[PDB]
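Read off the chains here:
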Amino acid sequence: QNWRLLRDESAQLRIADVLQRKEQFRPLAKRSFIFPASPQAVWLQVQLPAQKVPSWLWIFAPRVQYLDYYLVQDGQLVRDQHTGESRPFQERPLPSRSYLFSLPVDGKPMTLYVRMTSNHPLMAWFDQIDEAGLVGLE
Ligand SMILES: [NH3+]C[C@H](O)c1ccc(O)c(O)c1
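- In the annotation of the PDB entry, the protein chain is listed under the name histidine kinase and assigned to Pseudomonas aeruginosa PAO1.
- For this entry, the PDB record gives the title as "the DISMED2 domain of RetS".

## Comments concerning the overall build of the protein chain
Move 1: Scanning the protein chain from N- to C-terminus turns up two helices and ten strands.
Move 2: Along the chain direction, N to C, the helices and strands of the protein chain fall in the order β-α-β-β-β-β-β-β-β-β-β-α.
Move 3: Over its C-alpha trace the protein chain gives a radius of gyration of 14 Å, about what one expects of a compact globule, namely 14 Å for 138 residues.
Move 4: Projected onto its principal axes, the C-alpha coordinates of the protein chain cover approximately 40 × 35 × 30 Å.
Move 5: Among the 138 residues that make up the protein chain, the fraction classed as buried is 43%.
Move 6: Considering only residue pairs separated by 6 or more positions, the protein chain has 76% of its internal contacts joining residues 24 or more positions apart.
Move 7: By element, 53% of the accessible surface of the protein chain is carried by carbon and sulfur atoms, the whole surface being about 7,800 Å².

## Concerning the sheet that holds strand β10 (residues 124–129)
Move 1: Read across the sheet, four strands follow the order β3-β10-β5-β8 without closing on themselves; strand pairing throughout is antiparallel. Either end of the sheet is taken by a strand with one partner, and the two such strands are β3 (32–33) and β8 (99–103).
Move 2: Pairing of strand β5 (residues 55–60) with β10 involves five bridges; the strand directions are antiparallel. Counterpart to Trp56 in the pairing with β10 is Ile129.

## Here we look at the site of the ligand
Move 1: Near the ligand you find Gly84, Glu85, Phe89, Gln90, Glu91, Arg92, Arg97, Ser98 and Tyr99, and these make up its full shell.
Move 2: Between the ligand and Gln90, the relevant distance is 2.8 Å, taken from an oxygen atom to a main-chain nitrogen or oxygen of the residue.
Move 3: Within the backbone of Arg97, one N or O atom sits 3.0 Å away from an oxygen atom of the ligand.
Move 4: Considered on its own, the ligand offers 320 Å² of accessible surface; in the complex 95% of this is hidden by protein.
Move 5: Its residues assigned to classes, the shell around the ligand shows two nonpolar, three polar and four charged.

## Focus: unusual backbone geometry
Move 1: In the Ramachandran plot, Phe89 falls in the positive-phi region, its phi being about 65° despite a non-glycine side chain.
Move 2: Relative to the helices and strands, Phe89 resides in the loop between β7 (76–83) and β8.
Move 3: For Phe89, a relative accessible area of 80% puts it in the exposed group.

## Some thoughts on the nonpolar core
Move 1: The biggest cluster of nonpolar side chains holds 26 residues, and the ones touching the most others in it are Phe33, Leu57, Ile59, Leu67, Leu112, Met116 and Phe126.
Move 2: Put simply, the parts of the chain that give this core at least two residues each are β1 (3–8), β4 (41–48), β5, β6 (66–73), β8, β9 (110–117) and β10.
Move 3: With sequence-adjacent residues up to four places away left out, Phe126 is seen in contact with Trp3, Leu28, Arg31, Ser32, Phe33, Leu44, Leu57, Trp58 and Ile59.
Move 4: In terms of nonpolar packing, the next biggest core, distinct from the first, is built from ten residues, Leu13, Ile15, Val18 and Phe25 among them.

Each value, and the rule that gives it
Residues numbered from 1 in each chain as written, not as in the entry; some residues may be left out. Heavy atoms only, no water. Helix = DSSP H or I, 4+ residues; strand = E, 2+ residues; numbered from the N terminus. Rg over C-alpha atoms; globule rule 2.2 N^0.38 Å. Buried < 20%, exposed > 50% of the residue type's maximum accessible area, 1.4 Å probe, protein only. Contact = heavy atoms within 4.5 Å. Areas by Shrake-Rupley, 256 points an atom, 1.4 Å probe, with all protein chains shown as cover. Pairing = 2+ DSSP bridges. Near = heavy atom within 4 Å. Polar contact = N/O pair within 3.5 Å; in protein donor to acceptor, adjacent residues only side chain to side chain. Nonpolar A, V, L, I, M, F, W, Y, C, P; charged D, E, K, R; others polar. Core = buried A, V, L, I, M, F, W, Y, C linked by side-chain atoms within 4.5 Å.

What follows is the structure, given as structure tokens:
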């Protein structure tokens, strides 16, 4: 698959450092994970073909303190957004307090990198959704 993960036990790898280790990402048997409380960073990588309709990456990450989001196209970082529960504000309209990232329609594929860290268990679910899913989030 293209929904891949990477465990950073040092927690020091950055976006450049992670893009220098693309061959260490490994396929996920499912679209979620959970890890007991540790100071490890969990990096998710998603390669998508060219998109034809407006869509969003949804991530329900309860108890997740820091979450950094990076988007890669033509070897460039087009978007770089840092948020998280430990991050303040970031208010958005989902009762769930879930996360959504718009996925562009620009005639090129894309690679997503997401870093998650916490002092609690690293529960997380994620998927790509269209408008049929967007209108039903809570
Ligand atoms: N849709 C995102 C939502 O506003 C939000 C904001 C900050 C958070 O720490 C979070 O989990 C969710």
